[PDB]
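**Q** Pasting a structure here, questions to come.
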Amino acid sequence: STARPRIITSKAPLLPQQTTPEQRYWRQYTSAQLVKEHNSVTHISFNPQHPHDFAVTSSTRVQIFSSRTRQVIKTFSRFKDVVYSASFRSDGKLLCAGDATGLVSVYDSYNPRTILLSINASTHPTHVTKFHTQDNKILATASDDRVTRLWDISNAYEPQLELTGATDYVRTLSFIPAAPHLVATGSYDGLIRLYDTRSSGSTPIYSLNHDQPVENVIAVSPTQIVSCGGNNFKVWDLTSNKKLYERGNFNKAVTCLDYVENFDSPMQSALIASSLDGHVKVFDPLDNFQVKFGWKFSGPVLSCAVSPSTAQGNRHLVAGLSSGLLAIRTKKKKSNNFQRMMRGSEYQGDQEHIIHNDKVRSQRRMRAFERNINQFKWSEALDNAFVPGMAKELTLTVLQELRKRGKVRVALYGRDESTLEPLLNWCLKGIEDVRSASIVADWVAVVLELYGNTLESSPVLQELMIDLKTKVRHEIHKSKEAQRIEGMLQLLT
Amino acid sequence: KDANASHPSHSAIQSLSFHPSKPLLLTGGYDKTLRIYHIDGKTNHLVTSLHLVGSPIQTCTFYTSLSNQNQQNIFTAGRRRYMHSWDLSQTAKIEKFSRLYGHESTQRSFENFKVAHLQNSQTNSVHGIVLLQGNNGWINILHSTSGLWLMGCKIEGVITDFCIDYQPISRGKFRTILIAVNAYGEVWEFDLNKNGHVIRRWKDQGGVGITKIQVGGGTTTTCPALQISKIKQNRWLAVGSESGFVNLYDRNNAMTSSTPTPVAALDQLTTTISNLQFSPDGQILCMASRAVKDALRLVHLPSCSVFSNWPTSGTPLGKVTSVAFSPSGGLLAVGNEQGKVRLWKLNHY
Amino acid sequence: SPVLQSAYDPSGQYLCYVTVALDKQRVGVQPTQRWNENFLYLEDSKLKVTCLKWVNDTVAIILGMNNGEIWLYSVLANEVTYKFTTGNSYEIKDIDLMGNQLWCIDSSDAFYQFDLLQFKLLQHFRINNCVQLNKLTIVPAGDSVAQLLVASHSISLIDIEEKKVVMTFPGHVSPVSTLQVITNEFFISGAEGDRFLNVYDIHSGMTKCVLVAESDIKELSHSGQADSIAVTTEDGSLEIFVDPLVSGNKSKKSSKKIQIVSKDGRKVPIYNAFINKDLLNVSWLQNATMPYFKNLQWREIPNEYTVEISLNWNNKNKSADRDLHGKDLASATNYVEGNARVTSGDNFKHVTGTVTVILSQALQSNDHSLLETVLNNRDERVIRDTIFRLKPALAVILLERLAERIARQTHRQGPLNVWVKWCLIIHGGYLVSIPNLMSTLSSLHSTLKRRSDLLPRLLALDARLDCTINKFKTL
Amino acid sequence: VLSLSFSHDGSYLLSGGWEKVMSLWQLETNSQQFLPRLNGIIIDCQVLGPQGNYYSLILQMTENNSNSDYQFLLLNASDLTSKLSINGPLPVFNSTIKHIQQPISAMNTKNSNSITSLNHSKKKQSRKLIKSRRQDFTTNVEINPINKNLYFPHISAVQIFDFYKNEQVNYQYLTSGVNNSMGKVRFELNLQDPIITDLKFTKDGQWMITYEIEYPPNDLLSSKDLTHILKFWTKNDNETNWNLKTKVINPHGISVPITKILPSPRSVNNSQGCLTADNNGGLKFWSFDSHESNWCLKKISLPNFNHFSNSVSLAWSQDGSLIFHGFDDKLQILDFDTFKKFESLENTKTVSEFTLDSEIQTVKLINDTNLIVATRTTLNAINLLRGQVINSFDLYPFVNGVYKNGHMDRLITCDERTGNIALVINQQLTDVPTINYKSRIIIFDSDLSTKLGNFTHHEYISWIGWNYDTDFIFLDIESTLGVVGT
Amino acid sequence: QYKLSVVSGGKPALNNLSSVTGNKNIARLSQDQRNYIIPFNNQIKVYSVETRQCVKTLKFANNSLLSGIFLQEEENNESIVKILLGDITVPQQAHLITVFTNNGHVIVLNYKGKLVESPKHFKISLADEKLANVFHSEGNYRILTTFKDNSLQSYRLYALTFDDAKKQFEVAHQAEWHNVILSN
RNA sequence: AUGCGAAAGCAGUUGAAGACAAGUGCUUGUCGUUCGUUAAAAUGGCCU
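Residue numbers (the entry's author numbering), protein chains in the order written: chain Z, 2 to 334, 353 to 512; chain V, 239 to 326, 334 to 594; chain P, 3 to 36, 46 to 67, 72 to 262, 269 to 372, 434 to 557; chain S, 300 to 730, 734 to 788; chain Y, 9 to 101, 104 to 159, 166 to 200.
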């Protein structure tokens, strides 16, 4: 003997733009929440170590949000002017906020009360303030003073190493993963500089020509840099000192840039960017930086951040908008006498000679139509296929299977008028498509072959035939125009 | 020394049996395993250890064929709808019996079975049958080495227990009788050679809720026959009830009195009688409960008197769930809830 | 071990072993040099086998019982051929034989000489100050079998013709258990529990050497003419001393050592091996009483050896008639489609108030909502003007977007058809200029292919439907 | 009711009808338990054991219309499982071999007979096999070349059978028909399964390409058309089940048969591509997108010819550049890069088109030099280093019309190292042709002038392939697999 | 250089030549039910049932006598119509097989044994009609045979015993029926 | 339903004898019957 073959569904030849697995994951990202802040939102940082928290800047406001309940857990509001950047340390404990009066304030997360250290930088506003990645006692901050100073937070009176040689409005910088001494710095005249700190540091080691004003710089790899500026974005090799790709798939100036790697995904590395139109678009660096997904937020979108690589909770994607709007989008996530009496269940056979297994892998439930076609009740199978709220593919596979077995007229013999009407209703609907049009051609051909006399006798089916005639004529018109357009293409070859 | 010593078990020992000819014990519990031990007095070692998957065990018995004697089987059963049959040196041959031919609405669980012989009586070819409990009065009877469905008997009320007796007839002919006991105490006796037809009914005296019946003193499904000439007729029939009372009948008067008075009514135990086991000869009756510790008593027959010096108060019996007498060497094997069988040797035999 | 007393034959082809079975001992002979379910059961549940021996033309074995009897058991028929009895009720503590004379030590020191080919008791026998005894061997002086050796922690050389001791060697602390004549001048002796073997020389009465094993000794066997010795040690092992009687050198260590380890890491104990001229015969217990064997070359294996046997520890039940899983070898695999990619063969791949500026913006970008609004614009003059004002690469990407939207939403193929109509009207120059028009306008070609192929069955269905409609309308 | 049997005591009855189910009746309670999907109908059934351990039965495989192909079965009766299955090779031929009768049933359909139809069909089949010189019996048979396993494509199924151990190893259903969910009885017997026609392997061995057609039911609106489907299957070298990886519905548009499949050589894409040729002129080249995981078009050549010819062939050079597409009367030489005519800049009379006197049944190239063509009457061996025919051979009395247009390719095949082998079959006539046949086997060299070896076999030979250790396997009408070897 | 041999075989040689359906099967499970024996179209396969494996195979082309019985290439009229398991000559010498061919030929072969070039051959006289079936209880043997004078056949039932001489198989006319249609 | 043919189609085919049943020597039907041609039924459906 053998087993019963389950009925195969009807998979038509695939139409273009099917749903890709990257689209599956980035559409699982759902459950939008909108939070109206006071003013614009500049920068959004995630805690690295236990990634369960993320800071968001505002006007004179830093807010620590939580990944578990998406509510604001803490507020740093001891600022006297507009705060620019709130970035956590690479170690978790201590976050730094660069203000616009000209000073940075570095104090521990989960304690707004204790200002731990206040570094007075240049009197121009300091936009970007980062901590180092490899080392954890060296902070680096830029300003509108067009210099980036490397402070050592033990000796917070003097910049341990100043860094000049730029031209205008340094606003982005990035350390590089493998080299713990090499700092890339994105200015505002383009011209991404690369400094080596164990050298003099007054001059860059070498420059890179991103001809538009670069808006952000991220070391995506130990050997690669990604540059966000102007309309396009451009990814550079480091050692060979050459651009590698240039993706100009945006409309206005791209603004923010984020990169995540080796996480629970069909896509290994995700490079996402945010571009002042609501458009946040997500690329992958393995298929040469092609777009895989994109959301649209209404206002001009400033900052974006995807949850870090070791989140292990519900992952988040945060986008902050110049209308004052934070948008969070989150992928979610008896007695002892009796047991002593019967304590042999969980054993699983660890120390025995011969282990035998026989029990069956239980199949999924058969639907009612499949039970009826397996038990040869053809008319009940047809009615149970034409119960109302089923799937189009399922009603198609019932009719396909029943026609393939041959029980068309056998299924249609005993039908009275009120039972013809459900078949004719779905027939009247499914005349519009293509595959359903072929199968409805077969089945209404045999219905008109059978029931002409009761068609004359009862008036309801007469009106149904009127609707069917109108819709089939309309479909002939559609296919005539389509054949004409195909002829036009064959001319235009 | 405990037969379960060299390779312990992880649940209660639900079924002990000695192989009818070779020195071998077989134990089975809810650990879904089957362990066969070569038994000495000194070192009782593990011959083989099979482990089924997802199927417990409540009843495992040996069964050697009668006309063939070079055909051994091990029948295992738990509360599922199949019954495994291990055939008898590197990998087992385990058939399973899973289909009742038509009569499937009676038993939803194969767990209460007994194994007996039967003679075709047109051809004189004996074969093994498998008796199963059932729904209300149903006892189903399946031909073993083919899994076929032979015959069914229906007693009324609830079956609580059943048993198998033989009767020799002449040179080369016996006939087998099935005894089945209701929960009220009404006893039916069918014969299986001609089809299920009630030979007789009677009633046990007292017996308010009767939970086990056993026949003993001749050949039976525990101390079994090895050739057709060696089949005897049983003498004692013991009926143990839920209250602790064990009535005890002589068959040579019961079959003639047709609503008999017991030879005895033992009342030493006080909880539900969950095991009865006669000696291979029929001189000792071992009655043992399951609901409380240290609840086994041996009885000398025909005196119908409980032995007084064993077990003593320091005998390691546990909650006795399995008892198996040995056919030849005079051993007794007791298995408890902790999973430790324990041997004794009677020095008379 | 469940193997109480075992002994090989001469020439090492069959071992006898007596083992207990439901408190009744059975003896059984198994062949080794390449099952046998024959046995002999001792009917009484009290008499045990106390000593064992093989005897040569019909092969037989000799079983000195507990009772006071010496059975003579043939092998071919499981039958005690003849049961000698010492005229007493004691335990035969030892049996031995050379040629036809048979000699047994009783439990009460009484030597008995029997004759086999006469089936008779020749002489009862006892001497002085041999008061506790448990081992006897007989020296091979030829066919004159005089001057036998006895022992119980003090080996004594006793002559028969005068019934007195001649030499007496110092034995052990524990009683002796092995006493074997090695050469015509030397013999080895090993007690019960000592790891030591004393190689004595007879006539001098001295200790030539001692050989020290690694654990307590259990069984000894030696080669032909004093070349090698196999030792079954109490832990389960085998220790060959190569050339023991050669050139402090008072004590000698074991040259070659053999163990047996299975695949699962467990340690299988050896009992009762047998050595010969470059052929070592090792035995163990596979199942609880069934003896398995092996032959191996001890002059070629290294000094330390672990025999690797394949013991079924945690076998997966590979049934011969079932598959690897589920079905049998006679069924037929079903046709399961699965997640196969179903495509056609017409899928070409791998081979004035306008809105033209917002359209060209959306298509430099890729905006579903913006393109949807521009397509929700309807007026045909505006459509003609926008495509008249557009750019050709923008037109190509517009054609692709329109065709994929048509193929999904086939309800939307009126207005999108007039859109693609005007596009193909206007921008046809760049379209005839681009080489691979199929690979560019793939989805458009496929969608029109499906619909144009759908047409004729629709014509047929409308023909029959109109026939039936006019039939019921005419009357 | 086709088979009946009793048990030994006489209480169970075994019933063996058409619907593939073996039914055990308890006679007393009139009850039944039955085994429902038995790989064919039960011609015969009985019990064996002295207790009734085994049920032994004989199955028909009634779908095989060209030849009755039995299957013996021995069932363990406790488990109701198959303790033994006995079979040989199950080829499907093109016509009914000598005096085969279909089983009897309630109607007369295209798998069985009525009673009167049985008698008349017996006599008519014998008379037609005597009279008509149309007759051919040519079976498709493929070979797995990394395991050397014969694949007999049954209708809607594949019997994987090896020749060394001489036993079946697998049976797979390669079509979404009505193959097993039912035992066909009367008008289900009027219906039929979709038929596998072509089956090929890549030279790598790890891809199977199956072309099948499917017929609609009769007396319906859409009964005129067919649907032709291509399928691509994978497996790893340790299993015995092919996974469907790519299903291509309707190659070359609607209702267009693909009358030749050719795999690719190694050098082009590591032998991971195939060529499909219609009866119109179209050639498509499918290959394996490996950044995807699928098969797709990668080079087309689709002309619109208003003439349909049933007999095409094609061949491929070892470098992967030259493709010889032989349509009826005309061989075209194409470059693979362009799929167009290889027009010589030198023009040394190496013309891109050859016109041959008869319709082409076979094109082959034994090396990169010699092209063999088997034409509808004759055989012509040509060189390609000089565009002129080397050798000729007349086959018009031998193959007049005794083969359909397109089966001489499976008749005659070539070793890729030494030579090719011819196959000629004539039936022994007495005074009118009789039943028995006679097939001669001739082996030529690369030049085809000298015959390497001549042999003769008695029974008709239906297929010759070459075993990849330089020998030749041949099937026979009575399925006796033989070899011509070194 | 080039040799043409025959390496593998097919069809299982049913009992269709009767077309009266006596018993369509002729395979016979052995005495101790461990070996199954099927007569193929060109060989006799002996499968083993505990491991589903063809153990011994008895081809027709190797020994010359079978090549003279079945391998007459002008007509395949002779076919195996019965297989009996014992020895018809001597009582219980095991591993022997007697085979009854359609036209009076009876051969004693030895499965599970090296095939020597002396299988015990016997020819049955009086077989101007064709043999149909051969069966036996203990000792006594009977033969159904097909003869003719409405396109039907007569079934003659003969009684077969042995040993008036060595070659002689004693045949007696038990009974006869005239126009059979089915027979089981 | 045979031959040629492409997935279309193009040509051609349904003859006698015998026997039996039923109805009235005559009508139909039937065939486990011959020769000549390229020639729907028994309320009964797939295991665990």
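Even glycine gets a Cβ: it sits at the ideal position worked out from N, Cα and C.
In chain P, which residues lie with their C-beta within 7 Å of the C-beta of S/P550?
**A** Near S/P550 (Cβ distances below 7 Å), the residues of chain P are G366.
**Q** Rounded to the nearest angstrom, what separates Z/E436 and P/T364 at their Cα positions?
**A** The straight-line gap from Cα to Cα measures roughly 39 Å.
**Q** What alpha helix (DSSP H) runs, 4 residues minimum, are completely inside the segment 455-503 of chain Z?
**A** 471-476
**Q** Can you tell me whether Z/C446 is buried or exposed, with buried defined as 16 or more other CB within 10 angstroms of its CB?
**A** buried
**Q** Considering only the beta carbon of each residue, do S/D524 and S/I553 sit closer than 9 Å?
**A** Result yes, Cβ atoms of S/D524 and S/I553 sit closer than 9 Å.
**Q** Below 7 Å CB to CB, which residues in the same chain sit around S/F436 once its five sequence neighbours on both sides are set aside?
**A** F392, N393, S394, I396, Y762, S764, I779
**Q** With H, G and I counted as helix, E and B as strand and the rest as coil, what does DSSP make of Z/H39?
**A** coil
**Q** Using a C-beta to C-beta distance shorter than 9 Å, which residues of chain P count as neighbours of S/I632?
**A** In chain order: nothing, as chain P lies at least about 22 Å away.
**Q** Report the neighbours of V/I277 on chain P: residues whose CB is nearer than 7 Å to its CB, in chain order.
**A** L24, listed in chain order.
**Q** What three-state label does DSSP hand P/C145 in the structure shown?
**A** coil
**Q** Using the beta-carbon of each residue, which ones in chain S are nearer than 9 Å to Z/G295?
**A** Residues of chain S passing the Cβ test: none, with the nearest at roughly 22 Å.
**Q** Quick one: what does DSSP say Z/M268 is sitting in, helix, strand or coil?
**A** When DSSP states are grouped into helix, strand and coil, Z/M268 belongs to the coil group.
**Q** Check the Cβ of Z/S364 against every Cβ in chain V and list those closer than 9 Å, keeping chain order.
**A** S249, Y268, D269, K270, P294
**Q** Do S/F607 and S/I632 come within 9 Å of each other at the CB atom, strictly closer than that value?
**A** no
**Q** Please check if any C-beta of chain V sits within less than 9 Å of the C-beta of Z/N355.
**A** Output row for Z/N355: interface = no.
**Q** Using the rule of at least 16 other Cβ atoms within 10 Å of the residue's Cβ for burial, across every protein chain shown, is S/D378 buried or exposed?
**A** buried
**Q** Does DSSP put Y/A191 in a helix, a strand or coil?
**A** strand
**Q** Would you mind telling me which residues of chain S sit closer than 9 Å to Z/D452, beta carbon to beta carbon, in chain order?
**A** By Cβ distance, chain S contributes nothing, its closest Cβ being about 16 Å from Z/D452, past 9 Å.
**Q** Would you mind working out which of P/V478, P/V188, P/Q7, P/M311 sits nearest P/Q32, comparing C-alpha positions?
**A** P/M311
**Q** Does the beta carbon of Z/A33 sit closer than 9 Å to a beta carbon anywhere in chain P?
**A** no
**Q** Looking at the structure shown, is P/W65 part of a helix, part of a strand, or coil, going by DSSP?
**A** strand
**Q** Classify V/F355 as buried or exposed, calling it buried when 16 or more other Cβ atoms lie within 10 Å of its own Cβ.
**A** buried
**Q** Going along the chain, which residues of the segment 496-520 of chain S sit with their C-beta nearer than 9 Å to a C-beta in chain P?
**A** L520
**Q** Looking only at C-alpha atoms, which of Y/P129, Y/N49, Y/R42, Y/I153 sits nearest to Y/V144?
**A** Y/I153
**Q** Measure the C-alpha to C-alpha separation of P/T61 and P/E106 and round it to an integer number of angstroms.
**A** 7 Å
**Q** Check whether the Cβ atoms of S/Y353 and S/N375 lie closer than 9 Å to each other.
**A** yes
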